[PDB]
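Report on one structure; see the data block that follows.
Every residue, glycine as well, gets a Cβ built from its backbone with ideal geometry; the counts of neighbours run over all protein chains shown. Each answer follows from the model by the rule given with it, or from the source it names; no laboratory instrument gave them.
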Amino acid sequence: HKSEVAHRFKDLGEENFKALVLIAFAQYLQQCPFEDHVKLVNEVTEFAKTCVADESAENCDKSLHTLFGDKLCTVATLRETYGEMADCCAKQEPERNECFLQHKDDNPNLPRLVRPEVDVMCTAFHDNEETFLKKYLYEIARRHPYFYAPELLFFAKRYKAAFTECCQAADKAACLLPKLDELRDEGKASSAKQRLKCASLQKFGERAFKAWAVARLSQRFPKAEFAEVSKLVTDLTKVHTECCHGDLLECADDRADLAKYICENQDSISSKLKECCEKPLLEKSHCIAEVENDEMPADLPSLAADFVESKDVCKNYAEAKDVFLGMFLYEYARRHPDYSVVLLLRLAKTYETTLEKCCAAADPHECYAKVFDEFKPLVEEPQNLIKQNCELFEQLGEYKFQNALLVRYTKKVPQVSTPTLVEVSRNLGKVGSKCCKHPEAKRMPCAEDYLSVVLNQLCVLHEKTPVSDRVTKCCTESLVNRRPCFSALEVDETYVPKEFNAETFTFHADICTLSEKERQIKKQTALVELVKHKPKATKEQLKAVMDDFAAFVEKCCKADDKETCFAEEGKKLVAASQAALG
Ligand SMILES: CCCCCCCCCCCCCC(=O)O
Ligand SMILES: CCCCCCCCCCCCCC(=O)O
Ligand SMILES: CCCCCCCCCCCCCC(=O)O
Ligand SMILES: CCCCCCCCCCCCCC(=O)O
């Protein structure tokens, strides 16, 4: 209407409004105390209500941008705390807003946010639920000022439900700790996934992005016509482009518009949207993004007629190459919800390479007659990797699977740090356990998505402290080529072994009184260092050692003296091992 603020307040509801205002202020004023933000929230909410009562009331017809920037510029310590950010206030909109946006600090220097003990958390949750949760929301938003505010709200509500259920359980910790871990990991991945999509857009351009959206939306909405998918791809590309620039309101409005269009057109798109489309504005976009794949229509024909048989392939291609490739991609993807999106794009690139060569060659239709054959080994490559790795997972369990991976990747890239090798290997093993309990139909997209996050963490860490030319290569490739680049890593025959360090392999009784988790990580750290010291060590030779180390740890955590069993048996274990592996 006349009043954007009034209109937001009506659409979100007072509770969501207050939480979004808190996140937004926290994201821009990363260094003000919680109590300051509480007071800004209350003033803004007060003013909002006046508008709701009367859109003609004073100031109620200013833009949300103008109101927000005005409010920021009234912060008394703005120059003293934020330095050059206060210079934004000398500008008029929209420059002022742009200026504010650029001064968000993606790397604030704040202490890590520690998880308190369970009884401490549950007690504060009971004694003042609202401030417990809102102060958490503030601590998180100010540490991640680009994280999309409504998704951050969706996480906050899941935490609230976590505390609600677990703080009244018999074993509070056993209930609560798994949920907090799950949520922390989902959140960190979700944020790493937003960042990664924006970086890929930048580096690879808008056409690769559109290719990716085609494949993905085509899998999702297999009954939509190409021109409907193409339309969503164009809109989605705009949404993601604007959301990467970072203005909350511009991103939210784009996301709302698309959700609305989709909901007004369910019968052209998918039959699984009814639920999402009935949800309030706040949750619509999010629910649609997560909607399960529609059913494939059923009597769909071979792509042969259109894409290989037809006289006109080269004509139809030449007339609009991306549209033709896009149609190829659409028809492929909609028939294959069981493929990774990156597999579909390799196949599209193969087809494109083939048309480019064949359509300019002596006999086009002869030249590309056999193109679909090129696809077979690109499909089977990941399928067979999934079966080889998942069989290994079933034989070993998760922990021993992680150990095999640790041995595996240490030999390939022994220049990687141990903590990186250990974190990534543990994490890849978690992808094992997650995705290998899916049936075939769902295995490839599972791995793609979870691998995408682990192999991005790997790349993130590594480009921060570079050490392997091979890893930097795989990290700087197209996202299409990232994972196969990693699967092609070969043992580093060039590697000079690490020199023996007695400390590295000295163990104390404190390890008997460590978490299951933390003991594992110390055993896995030693395993890596064992491989880094004896890289040519054999599978039988490694297992001999592990079996002895295992015996050792039971023995020395089972005695009346602990301290010296660990020093005494230790010296013995290490001696035995150093001559077993020659
Ligand atoms: C109608 C939307 C445009 C779709 C363009 C199709 C391009 C398909 C083949 C090339 C694959 C690009 C993958 C990449 O380089 O990241
Ligand atoms: C005395 C109260 C003055 C009212 C403050 C303005 C309320 C609107 C807040 C808009 C927050 C959105 C931030 C953004 O995306 O840039
Ligand atoms: C699977 C596509 C269905 C379309 C649903 C529209 C929502 C996508 C918006 C994406 C960009 C927003 C920023 C983010 O939260 O990552
Ligand atoms: C280089 C010779 C010193 C060898 C010392 C033994 C190192 C043992 C670490 C093995 C990790 C145990 C695997 C496990 O059971 O979790």
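Within segment 324-370, work out how many residues are loosely packed, with under 14 Cβ neighbours inside 10 Å and in a helix (DSSP H, G or I). Give the derivation first.
First, pick out the residues of segment 324-370 that are loosely packed, with under 14 Cβ neighbours inside 10 Å: 353, 356-357, 360-363, 366, 369-370.
This time we only want the ones that are in a helix (DSSP H, G or I), so: 353, 356-357, 366.
Within segment 324-370, residues that are loosely packed, with under 14 Cβ neighbours inside 10 Å and in a helix (DSSP H, G or I) number 4.
If I filter segment 108-130 for residues that are under 21 Å from residue 24 (Cβ atoms) and polar (S, T, N, Q), do I get at least one hit?
No.
List the residue pairs whose Cβ atoms are under 9 Å apart, where the first residue sits in segment 241-264 and is touching a residue at least 24 places away in the same chain (Cβ under 8 Å) and more than 18 Å from residue 147 (Cβ to Cβ), the second is polar (S, T, N, Q) and more than 9 Å from ligand 2 (Cβ to nearest atom), and the two are 6 or more positions apart or on different chains.
256/285; 258/285; 259/285; 262/270
Are there helices (runs of 4 or more DSSP H) fully within segment 203-322 with at least 3 residues that are under 19 Å from residue 339 (Cβ atoms) and more than 16 Å from ligand 2 (Cβ to nearest atom)? List them. It would help to see each step written out before you state the result.
Details: elements: 226-245, 248-263, 266-269, 281-289, 313-319.
Output list reads 226-245.
Which one of these is acidic (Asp, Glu), out of contact with any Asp or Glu (no Cβ under 7 Å at 6 or more places or on another chain) and not assigned by CATH to the domain that holds residue 162: 129, 95?
95
Any chance you could count how many residues in segment 286-302 are in contact (Cβ under 8 Å) with a residue 60 or more places away in the chain and surrounded by 12 or more Cβ atoms within 10 Å (Cβ to Cβ)?
6
Give me the pairs: first residue in segment 347-367 and farther than 25 Å from residue 480 by Cα and of a type in the set (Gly, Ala, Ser), second residue part of a helix (DSSP H, G or I) and more than 16 Å from ligand 2 (Cβ to nearest atom), beta-carbon distance under 7 Å, and six or more apart or on different chains, which are they?
Hits for this filter: 361/367.
Sort out for me the helices (runs of 4 or more DSSP H) sitting completely within segment 95-200 that have 1 or more residues that are of a type in the set (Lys, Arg).
So the answer is 95-102, 129-143, 149-166.
Against the conditions (1) without any contact (Cβ under 8 Å) to a residue 60 or more places away in the chain; (2) more than 15 Å from the chain's Cα centre (by Cα), where does residue 182 fall short? Just the number, please.
(2)
Being assigned by CATH to the domain that holds residue 565, of a type in the set (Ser, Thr, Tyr) and farther than 27 Å from residue 434 by Cβ: is that true of residue 513 here?
Considered against the rule, which asks whether it is assigned by CATH to the domain that holds residue 565, of a type in the set (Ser, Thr, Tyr) and farther than 27 Å from residue 434 by Cβ, residue 513 comes out as yes.
Considering only segment 74-86, I want to know if a residue exists there that is in a helix (DSSP H, G or I), surrounded by fewer than 16 Cβ atoms within 10 Å (Cβ to Cβ), free of Cβ contacts under 8 Å to residues at least 60 places away in the same chain and within 12 Å of ligand 2 (Cβ to nearest atom).
Yes.
Please note which helices (runs of 4 or more DSSP H) are completely contained in segment 473-582 and include at least 2 residues that are over 23 Å from residue 459 (Cα atoms) and in contact with a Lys or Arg (Cβ under 7 Å, 6 or more places away or on another chain).
The qualifying helices (runs of 4 or more DSSP H) are 563-580.
Residues in segment 476-495: is at least one away from ligand 2 (no atom under 16 Å from the Cβ), aromatic (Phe, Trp, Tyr) and surrounded by fewer than 19 Cβ atoms within 10 Å (Cβ to Cβ)?
Yes.
Being closer than 21 Å to residue 139 by Cα and either surrounded by fewer than 18 Cβ atoms within 10 Å (Cβ to Cβ) or among the aromatic types (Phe, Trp, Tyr) (or both) narrows it down to one of 55, 35, so name that one.
35
Looking at this structure, is residue 29 hydrophobic (A, V, I, L, M, F, W, C), near ligand 2 (Cβ under 10 Å from one of its atoms), crowded, with 16+ Cβ neighbours inside 10 Å and within 38 Å of the chain's Cα centre (by Cα)? Spell out how you get there, then give the answer.
Values: hydrophobic (A, V, I, L, M, F, W, C): yes; near ligand 2 (Cβ under 10 Å from one of its atoms): no; crowded, with 16+ Cβ neighbours inside 10 Å: yes; within 38 Å of the chain's Cα centre (by Cα): yes.
Answer is no for this residue.
Just to be sure before I move on: is residue 213 within 25 Å of residue 448 (Cα to Cα) and assigned by CATH to the domain that holds residue 283 in the structure I sent?
Details: within 25 Å of residue 448 (Cα to Cα): yes; assigned by CATH to the domain that holds residue 283: yes.
Against the criterion (within 25 Å of residue 448 (Cα to Cα) and assigned by CATH to the domain that holds residue 283), residue 213 qualifies.
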